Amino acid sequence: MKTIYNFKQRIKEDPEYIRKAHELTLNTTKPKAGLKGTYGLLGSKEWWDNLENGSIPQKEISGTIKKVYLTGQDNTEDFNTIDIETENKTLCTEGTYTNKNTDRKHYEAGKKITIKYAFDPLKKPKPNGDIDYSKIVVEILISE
């Protein structure tokens, strides 16, 4: 299993995404938009401390890439999403995240996959008032 995507590299190679997240979280005037910052600013030191100690909801899945296809509108590239058959034979769908330095072409059906997740609360609650989470991919590993 080799790391094809890591959120730590996303933090340093896409700092514009990080800045706007923190500014949207700290913006007291827009209370329905962005991340709450409940477990710290996205990608901050507190964030990884809370990721480490397990106070931020996390899940980990292992399985096999079953479909490499295209979702969304007006896309230029060949694929951006994968379906995953886990061992409980449940379906999981996730974007084909890669780093600048990692190669998107290694995503092939039948190759094995591991995805590690974090779930960060959004300011906007669910209609019934429950806490709603932004699904944050932390790491994607794949076999060859």
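When you see a residue number, it is the position in the sequence shown, counting from 1.
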Seminar exercise, completed: Higher avg CA temperature factor (106-114 vs 84-92, as deposited) belongs to 84-92
Problem set entry | Mean temperature factor over C-alpha atoms, higher-scoring stretch between 94-102 and 33-41 | 94-102
Problem set entry | For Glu46, the third of its chain into which the C-alpha B factor falls | lowest
Problem set entry | CA B-factor ranking of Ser143, expressed as a third of its chain | highest
Problem set entry | Relative C-alpha B-factor of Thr64, binned into the chain's lowest, middle or highest third | highest
For this session: Sorting the chain's modelled residues by C-alpha B-factor, tell me whether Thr28 ends up in the lowest, middle or highest third.
Result: highest
Seminar exercise, completed: Among the modelled residues of its chain, the C-alpha B-factor of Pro121 falls in the third labelled lowest
